[PDB]
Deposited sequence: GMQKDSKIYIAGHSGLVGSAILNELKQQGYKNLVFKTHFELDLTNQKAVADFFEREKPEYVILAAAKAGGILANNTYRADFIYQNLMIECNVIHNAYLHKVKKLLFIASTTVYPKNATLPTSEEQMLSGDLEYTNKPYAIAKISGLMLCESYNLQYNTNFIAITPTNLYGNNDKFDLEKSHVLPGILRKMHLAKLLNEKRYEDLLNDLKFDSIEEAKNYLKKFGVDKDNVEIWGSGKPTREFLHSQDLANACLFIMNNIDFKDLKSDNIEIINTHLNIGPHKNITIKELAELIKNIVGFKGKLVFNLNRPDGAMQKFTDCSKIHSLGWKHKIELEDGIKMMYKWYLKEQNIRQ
């Protein structure tokens, strides 16, 4: 296991992942922590990474740094998304072998899996079919990162662990109704409909930063919200899944302390990465119901037939002694409570 005084380099420490991880390292008593901003350490620069590892000699590495973005960025910056990730991956993973790092964790995602994979999707389904177009270059870079870890382990007996977490959520989500994910977007829509339904107009104005009630009402029509109704686009049959960032961070710690390459072999050794997730999925419609209940919205949900399936199999991490602890309803209450506190609105 890692000692409390072990020197642990966390690369990509500022993202949602890196942050959650730094926090959990602090929670568990780890003091001897190193990390650098981009401004301070270009991880695509071979010489800079080698000079960092020379000067610092980290015992443990957690590689959460990636060039990542939304659907649009992935589809625009296709060269940057494959080249930078390939370079970050190769420089950090190679130098760690060279500098005799005791254990490395590489954080990828379920982006590595085929778009039409069968559910539930075990690690054994990697490469069994083609990838989604829009993130194809990032996804290949991540598959390469997996293969780097497994390759170094098989050739050089390193202990480089790769994980593929599912879709994440936290209290650090964005509730911008223009740019936000399905969960925080429905949560805020549902809250706004409650405010209209209960005629809590001070809260409504404050939430939206409007100063005319009538303009607030007009504006919420764009999102399918009025005082009796919240509109969800589609039938609500697509599934999603959610892993809370604190559960991801806990599983990172558990892996570093309790799961080594030897636990993940079985004579052709493949798919020695680990899915991390709740081993559970949910329909948009069910999700919308849960959020309706948590928010306490009393009006109607409408699924408008004018306009994907996901289930990551986490059996293997379960058989190695880790299960997520935050169930979806609890994670959504916690998010809503942070949200209300930041909007200065009461339940």
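No alpha-carbon coordinates exist for the deposited sequence positions 267 to 268, 310 to 313, given here in order along the chain.
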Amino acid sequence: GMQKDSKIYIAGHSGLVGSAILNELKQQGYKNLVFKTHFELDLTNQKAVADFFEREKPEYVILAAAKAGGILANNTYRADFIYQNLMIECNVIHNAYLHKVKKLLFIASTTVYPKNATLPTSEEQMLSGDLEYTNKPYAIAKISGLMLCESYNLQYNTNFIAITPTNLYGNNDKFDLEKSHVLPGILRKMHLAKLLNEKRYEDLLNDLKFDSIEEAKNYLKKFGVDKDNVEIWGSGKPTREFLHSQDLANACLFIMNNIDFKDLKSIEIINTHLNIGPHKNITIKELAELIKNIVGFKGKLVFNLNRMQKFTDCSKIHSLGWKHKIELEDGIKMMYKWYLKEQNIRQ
From here on, numbers count along this sequence of modelled residues.
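The stretch 170 to 178 shows the higher mean C-alpha B-factor when 170 to 178 is compared against 240 to 248 in the entry. Comparing 314 to 322 with 61 to 69, the stretch with the higher mean C-alpha B-factor in the PDB entry is 61 to 69. For the set 153, 76, 111, 229, the PDB entry puts the maximum C-alpha B factor at 76.
Highest C-alpha temperature factor among 284, 301, 34, 294 per the entry: 34. In the PDB entry, a CA B factor belonging to the lowest third of its chain's modelled residues is recorded for residue 219. In the PDB entry, a CA B factor belonging to the highest third of its chain's modelled residues is recorded for residue 116. Ranked by Cα temperature factor within the chain, residue 124 sits in the middle third according to the deposited record. The PDB entry assigns residue 102 a C-alpha temperature factor belonging to the highest third of its chain's modelled residues. Residue 337 sits in the middle third of its chain by CA B factor, as recorded in the PDB entry.
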